[PDB]
Amino acid sequence: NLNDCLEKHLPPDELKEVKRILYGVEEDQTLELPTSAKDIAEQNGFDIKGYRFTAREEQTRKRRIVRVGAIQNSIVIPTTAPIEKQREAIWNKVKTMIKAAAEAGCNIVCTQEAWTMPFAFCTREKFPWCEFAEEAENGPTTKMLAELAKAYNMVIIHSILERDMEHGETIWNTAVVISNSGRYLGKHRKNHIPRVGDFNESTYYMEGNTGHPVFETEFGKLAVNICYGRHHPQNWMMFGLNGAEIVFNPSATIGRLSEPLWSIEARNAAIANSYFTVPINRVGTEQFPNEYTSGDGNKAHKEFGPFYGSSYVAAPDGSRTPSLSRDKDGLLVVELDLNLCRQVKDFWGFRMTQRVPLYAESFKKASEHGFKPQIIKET
Amino acid sequence: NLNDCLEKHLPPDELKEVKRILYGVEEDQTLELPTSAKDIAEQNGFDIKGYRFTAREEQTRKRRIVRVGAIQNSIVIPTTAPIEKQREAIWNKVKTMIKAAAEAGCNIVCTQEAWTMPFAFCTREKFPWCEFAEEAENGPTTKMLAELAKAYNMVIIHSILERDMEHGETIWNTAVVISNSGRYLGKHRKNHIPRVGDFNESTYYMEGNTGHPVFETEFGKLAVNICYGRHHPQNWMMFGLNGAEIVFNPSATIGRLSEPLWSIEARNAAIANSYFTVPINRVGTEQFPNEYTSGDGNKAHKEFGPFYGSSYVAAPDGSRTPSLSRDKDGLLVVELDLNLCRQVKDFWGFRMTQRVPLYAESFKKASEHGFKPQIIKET
Amino acid sequence: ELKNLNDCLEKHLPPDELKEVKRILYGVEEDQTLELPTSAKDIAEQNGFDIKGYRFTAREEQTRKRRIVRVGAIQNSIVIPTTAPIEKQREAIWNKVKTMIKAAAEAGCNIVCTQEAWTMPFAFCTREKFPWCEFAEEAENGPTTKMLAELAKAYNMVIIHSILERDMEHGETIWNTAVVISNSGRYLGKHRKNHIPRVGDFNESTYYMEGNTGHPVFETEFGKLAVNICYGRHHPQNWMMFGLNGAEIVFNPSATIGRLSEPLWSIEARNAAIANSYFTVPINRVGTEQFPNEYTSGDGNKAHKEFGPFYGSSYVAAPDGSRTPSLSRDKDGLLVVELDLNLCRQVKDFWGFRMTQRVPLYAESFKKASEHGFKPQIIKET
């Protein structure tokens, strides 16, 4: 963790000033967690950390206090093993993490991208990796996750490879929202598909056709911006326009070039759209049966990683949580008052001044064939 | 060539019967070519072959006789060389092929896919291969090709990597139609983008937004179905619905699995839509500077190929030309009467009986989220 | 004069070259021959019809068992002269197909399918309504389905057959219909011909209208089956819609003659299999048929009584672009092919055709194209 690194090298007076500029707070707003949740974490060897966001008291509205659990994890057994066994080992691990989140008092829990599988998209092999794809609503993962949602009275958001039986058995990257009643709420498909380096996702699935859905749960209006959609401000924006209060960002990124962006994009989204942001990244390094190349000049290799975790939560007022670990499994519990959203909107006035009609017209012209950019030349 | 193989092993009486079932004719309708065109071909070491299609005489309409030249070629100098030099060597070779086509009396000439470059999309490297992308209308290749179009009074169709300066410098796979006057007519962008094996084209560009344009030239209504669009009957169909008479199919395919389809898909398109089809494929094998993998379990390698050429022309009455060579450069000249199209339409009645309204409604339902397939179960 | 294309090539080509030709013409270097029970071969030889077995395979999956299925395609001719009581004509064909179905059962088939209008001579060339329309029978309660359902029950096999239907509830109208009978013996449903021909001797539009049953796919315990009837062969969008409905094997019962039609036979059903990543089973009638009275065919020619010859050549195309050798062009035959239905998904995942279809784009384009004030997307010289 970066925060533990700075608190180990800076005098308490300067640390207060650096923390203010890098996060949004002079000191961490630490949430105390039940001792039993800390137990399950310690025994099973994953981090657990609680943080707190707050809002002003309102006259017309009660505090809408909500706890979210972000789960970042690694894969369990080697990628050269029965795919059913690989999924089950990840199931069992995440089960106890979800148990911890329940006992920490969470209301919403969310996973990283394609949590059920190794991130095999670097290989570009269709076999057996496509067999990981499952039905969004009736797939085994949703069914077992729904029993947890019902039993713990919590909304579960999970990201999986979807196989659409009705639409020609096509494969999709999809987020599934399960209600705290246990009933399936709906799904969102990834809007923006990457084709960069090892992330040959365009190989596996096409761009999403589900729009920008926002899920109205009894724990707030929730949205899911999937992985590479992180790099698209207009994607973040449309979730906001649809009235989202928490937008989850399950992801899986490695690398030297990608890491500097991690602290920037999810953070900015929260600020610009005055809602909460929950970027979750995979952790650990994963090796595969066969050689693959990455589209740079380099030699073929089997090791894909390391995935740098560092999941955090950004608040609409520009403040943010410290990141989770970069290589250890973790659960991030954060308590928040959903009322901060309207308060920031009314104060900063970003939605007031968006000029949406202007931009819809500009974007329209820009997308047309005979589009001529607004360029001023020297006469 | 397959035809030369069968004519070398079968008695003239059975050859007549096999040719009838495999092509659409008992014997080849050979077109005699000017001796000077045969000269340029012989000296520069490429094949030249002429074939003839015909139509019934009409009372209300003169014969609309038209000659098309399909150019299949390989790359020239090693892929480890200045990209400007690589393009220029291919330019000079194709220049003399276009000269041959002019002297053979062609009116329309068309190239294979991305003719200007090695098919570097197997590497997944962006550098320097993206530097091959050029402006559709003002790029050097169109400008030099337009001088040839003007001078030889012939329509030129060529397929290139487009770079769109107005739209964020995005890269596209694009066909450019140059009029016999020398003026640029327009462009079509690839509708269907592959992500299979070595054909990591989704890595380089997105799906086309130009629709299904048909170009009205003084040598007929021409359309371009680009490469992987070959596998999509509905793509072929829409060109037809727009009134195309010749649909060109510039391509670049290798392989054991792909070759059996080559004789099928372009052929079927011509039959179903009652127009002419011109599938052109690259030739030769190409090796690259660095290792790459193909998404099967195999070892990294540098050799991409071999591209199996075999360009042909299919006629709306279900007849077809013999293929060009599988490994040698070639020019295919074919004379045709565009009037065959209406005649086949009026006789077979495919357009009469398409039930387009039914299918537009069915396709609509099938694309919607809550789509339930028309399935009859045992009660 | 030609009897079988595959037999012709293997008799004139060196084994080295033959491997190359077969690879590009079919989808395989050598035929994947299925060995058939000796008893099935006996019923075939005694009754003078061909029997040929081929095999298609898929890769092994971790989450799914092999879904292996055996289909029997029956190509046959008519039997007694077309100038005989129509009940006798049908019965003669019944009894011959009965023994062919028996052979299919003993070869281990699970699904069996007929050619188009298998029950009758293809009398639509005459354009006479009498007595040819008396061949029309009720889809569910007609004598043919009743007889065929006993066979389906006894042999535990799905039977698909193509007949002239008479619709008693809807004004006694005549239809070209495929009927699917379950392996339990119960009637599953029917599909009516979507695309009606009006070309040359094929005056089908004279007898029936276009189908109103859509593009149904039958969910049986041996796979999701569909039927593309005859002239629908020429409509990629027809094939496509069965695919969108999730079909795994699409049967294509047909009846075509002649010089202009034959080149297409190897192309269309084959393409459909590729584009839609499912199995395709084109079956064609065999033999030539002569009729009581003269008729003309819409070319400049003299009136005549002989309609044919129907060129058989039934085959099976697989989703991976490979295909079976054709049956004979003049001899009755039964084509048994074993297949693993799992190949469909495997090909879909690998080639990505359904992934990249852009159906919403095409639904919108086809809509505009069908409207009255439609203007084609044409780029002219400025």
# chains A, B, ... in the order shown; residues from 1 in each chain; ligands from 1
>>> residues_around(residues="stretch 165-174 of chain B", least_positions_apart="3", cutoff="9 Å", atoms="only C-alpha atoms", output="MDAnalysis selection string")
(chainID A and resid 366:367 369:373) or (chainID B and resid 113:114 130 133:136 158:162 187:190 201 204:208 226)
>>> residues_around(residues="residue B:32", least_positions_apart="2", cutoff="8 Å", atoms="only C-alpha atoms", output="PDB file with N, CA, C and O atoms, in the first residue's frame")
ATOM      1  N   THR B  30     -13.376 -19.206 -72.883  1.00  0.00           N
ATOM      2  CA  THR B  30     -12.102 -18.503 -72.973  1.00  0.00           C
ATOM      3  C   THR B  30     -12.191 -17.231 -73.812  1.00  0.00           C
ATOM      4  O   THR B  30     -12.718 -17.237 -74.914  1.00  0.00           O
ATOM      5  N   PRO B  34      -5.301  -9.498 -76.136  1.00  0.00           N
ATOM      6  CA  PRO B  34      -4.300  -8.866 -76.994  1.00  0.00           C
ATOM      7  C   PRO B  34      -2.896  -9.340 -76.654  1.00  0.00           C
ATOM      8  O   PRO B  34      -2.576  -9.566 -75.479  1.00  0.00           O
ATOM      9  N   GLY B  50      -8.164 -14.747 -69.524  1.00  0.00           N
ATOM     10  CA  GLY B  50      -9.419 -14.134 -69.915  1.00  0.00           C
ATOM     11  C   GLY B  50     -10.547 -15.134 -70.011  1.00  0.00           C
ATOM     12  O   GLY B  50     -10.372 -16.241 -70.516  1.00  0.00           O
TER      13      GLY B  50
END
>>> closest_residue(among="B:249, B:203, B:277, B:3", to="chain C", atoms="only C-alpha atoms")
B:3
>>> residues_around(residues="residue A:117", least_positions_apart="5", cutoff="9 Å", atoms="only C-alpha atoms", output="PyMOL selection string")
chain A and resi 75+79+83+86-87+90+129+132+160-161
>>> interface_residues(of="chain B", to="chain C", cutoff="7 Å", atoms="only C-alpha atoms", output="PyMOL selection string")
chain B and resi 9-10+20-24+185+192+196+212-216+231-234+241-242+259-261+264-265+268+272+318+347-348+353-354+356-357+360+363-364+366-367+373-378
>>> closest_atom_pairs(of="chain A", to="chain B", cutoff="6 Å", atoms="only C-alpha atoms", output="CSV")
residue,atom,partner,partner_atom,distance
A:124,CA,B:295,CA,4.5
A:125,CA,B:295,CA,4.6
A:195,CA,B:203,CA,4.8
A:203,CA,B:195,CA,4.8
A:290,CA,B:297,CA,5.8
A:292,CA,B:293,CA,5.4
A:293,CA,B:292,CA,5.4
A:295,CA,B:124,CA,4.5
A:296,CA,B:125,CA,5.8
A:297,CA,B:290,CA,5.8
>>> write_last_selection(atoms="C-alpha atoms", output="mmCIF file, in the first residue's frame")
data_model
loop_
_atom_site.group_PDB
_atom_site.id
_atom_site.type_symbol
_atom_site.label_atom_id
_atom_site.label_comp_id
_atom_site.auth_asym_id
_atom_site.auth_seq_id
_atom_site.Cartn_x
_atom_site.Cartn_y
_atom_site.Cartn_z
ATOM 1 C CA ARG A 124 -6.415 -15.759 -27.490
ATOM 2 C CA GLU A 125 -7.334 -19.453 -27.146
ATOM 3 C CA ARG A 195 -7.914 -4.576 -27.962
ATOM 4 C CA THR A 203 -11.354 -11.536 -29.727
ATOM 5 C CA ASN A 290 0.968 -22.458 -23.647
ATOM 6 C CA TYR A 292 1.640 -16.327 -26.094
ATOM 7 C CA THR A 293 2.845 -12.945 -27.476
ATOM 8 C CA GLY A 295 1.968 -7.394 -29.555
ATOM 9 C CA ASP A 296 5.225 -5.725 -28.542
ATOM 10 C CA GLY A 297 8.529 -6.940 -30.064
#
>>> closest_residue(among="A:12, A:306, A:316, A:240", to="residue A:252", atoms="only C-alpha atoms")
A:306
>>> select_by_dssp(residues="stretch 29-189 of chain A", states="alpha helix (DSSP H)", output="ChimeraX atom specification")
/A:35-44,83-103,140-151
>>> residues_around(residues="residue C:166", least_positions_apart="3", cutoff="12 Å", atoms="only C-alpha atoms", output="JSON, numbers by chain")
{"C": [133, 134, 135, 136, 137, 138, 139, 140, 141, 142, 163, 169, 170, 171, 172, 173, 174, 175, 176, 177, 192, 207, 208]}
>>> decode(residues="stretch 51-70 of chain A", atoms="N, CA and C atoms", output="PDB file, in the first residue's frame")
ATOM      1  N   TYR A  51     -13.503   2.066   6.051  1.00  0.00           N
ATOM      2  CA  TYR A  51     -13.423   3.517   5.944  1.00  0.00           C
ATOM      3  C   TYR A  51     -14.824   4.113   5.932  1.00  0.00           C
ATOM      4  N   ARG A  52     -14.894   5.405   6.216  1.00  0.00           N
ATOM      5  CA  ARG A  52     -16.164   6.059   6.421  1.00  0.00           C
ATOM      6  C   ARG A  52     -16.247   7.373   5.641  1.00  0.00           C
ATOM      7  N   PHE A  53     -17.347   7.540   4.921  1.00  0.00           N
ATOM      8  CA  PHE A  53     -17.681   8.819   4.331  1.00  0.00           C
ATOM      9  C   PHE A  53     -18.955   9.305   4.976  1.00  0.00           C
ATOM     10  N   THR A  54     -19.107  10.618   5.018  1.00  0.00           N
ATOM     11  CA  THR A  54     -20.220  11.233   5.700  1.00  0.00           C
ATOM     12  C   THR A  54     -20.850  12.360   4.882  1.00  0.00           C
ATOM     13  N   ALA A  55     -22.030  12.791   5.302  1.00  0.00           N
ATOM     14  CA  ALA A  55     -22.690  13.908   4.661  1.00  0.00           C
ATOM     15  C   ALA A  55     -23.194  14.876   5.713  1.00  0.00           C
ATOM     16  N   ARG A  56     -23.670  16.029   5.263  1.00  0.00           N
ATOM     17  CA  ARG A  56     -24.308  17.010   6.118  1.00  0.00           C
ATOM     18  C   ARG A  56     -25.653  16.446   6.558  1.00  0.00           C
ATOM     19  N   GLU A  57     -26.135  16.848   7.731  1.00  0.00           N
ATOM     20  CA  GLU A  57     -27.510  16.537   8.142  1.00  0.00           C
ATOM     21  C   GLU A  57     -28.535  17.341   7.327  1.00  0.00           C
ATOM     22  N   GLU A  58     -29.594  16.674   6.884  1.00  0.00           N
ATOM     23  CA  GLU A  58     -30.665  17.327   6.131  1.00  0.00           C
ATOM     24  C   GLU A  58     -31.953  17.415   6.949  1.00  0.00           C
ATOM     25  N   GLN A  59     -32.769  18.420   6.647  1.00  0.00           N
ATOM     26  CA  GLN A  59     -34.024  18.677   7.360  1.00  0.00           C
ATOM     27  C   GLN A  59     -35.187  17.840   6.850  1.00  0.00           C
ATOM     28  N   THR A  60     -35.183  17.596   5.540  1.00  0.00           N
ATOM     29  CA  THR A  60     -36.268  16.917   4.831  1.00  0.00           C
ATOM     30  C   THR A  60     -35.973  15.458   4.551  1.00  0.00           C
ATOM     31  N   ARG A  61     -34.769  15.016   4.885  1.00  0.00           N
ATOM     32  CA  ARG A  61     -34.319  13.694   4.491  1.00  0.00           C
ATOM     33  C   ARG A  61     -33.468  13.077   5.585  1.00  0.00           C
ATOM     34  N   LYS A  62     -33.780  11.832   5.943  1.00  0.00           N
ATOM     35  CA  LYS A  62     -32.997  11.058   6.909  1.00  0.00           C
ATOM     36  C   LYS A  62     -31.660  10.686   6.282  1.00  0.00           C
ATOM     37  N   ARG A  63     -30.658  10.400   7.106  1.00  0.00           N
ATOM     38  CA  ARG A  63     -29.392   9.897   6.593  1.00  0.00           C
ATOM     39  C   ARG A  63     -29.652   8.561   5.904  1.00  0.00           C
ATOM     40  N   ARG A  64     -29.172   8.424   4.667  1.00  0.00           N
ATOM     41  CA  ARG A  64     -29.256   7.148   3.944  1.00  0.00           C
ATOM     42  C   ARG A  64     -27.901   6.452   3.986  1.00  0.00           C
ATOM     43  N   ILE A  65     -27.616   5.828   5.122  1.00  0.00           N
ATOM     44  CA  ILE A  65     -26.318   5.209   5.375  1.00  0.00           C
ATOM     45  C   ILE A  65     -26.266   3.785   4.831  1.00  0.00           C
ATOM     46  N   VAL A  66     -25.178   3.479   4.129  1.00  0.00           N
ATOM     47  CA  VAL A  66     -25.059   2.272   3.323  1.00  0.00           C
ATOM     48  C   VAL A  66     -23.621   1.756   3.415  1.00  0.00           C
ATOM     49  N   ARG A  67     -23.448   0.437   3.514  1.00  0.00           N
ATOM     50  CA  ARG A  67     -22.104  -0.140   3.551  1.00  0.00           C
ATOM     51  C   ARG A  67     -21.827  -0.997   2.325  1.00  0.00           C
ATOM     52  N   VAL A  68     -20.742  -0.692   1.611  1.00  0.00           N
ATOM     53  CA  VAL A  68     -20.366  -1.507   0.451  1.00  0.00           C
ATOM     54  C   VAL A  68     -19.089  -2.305   0.697  1.00  0.00           C
ATOM     55  N   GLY A  69     -19.062  -3.525   0.176  1.00  0.00           N
ATOM     56  CA  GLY A  69     -17.895  -4.384   0.255  1.00  0.00           C
ATOM     57  C   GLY A  69     -17.342  -4.675  -1.132  1.00  0.00           C
ATOM     58  N   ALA A  70     -16.125  -4.207  -1.373  1.00  0.00           N
ATOM     59  CA  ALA A  70     -15.416  -4.479  -2.601  1.00  0.00           C
ATOM     60  C   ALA A  70     -14.471  -5.650  -2.369  1.00  0.00           C
TER      61      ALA A  70
END
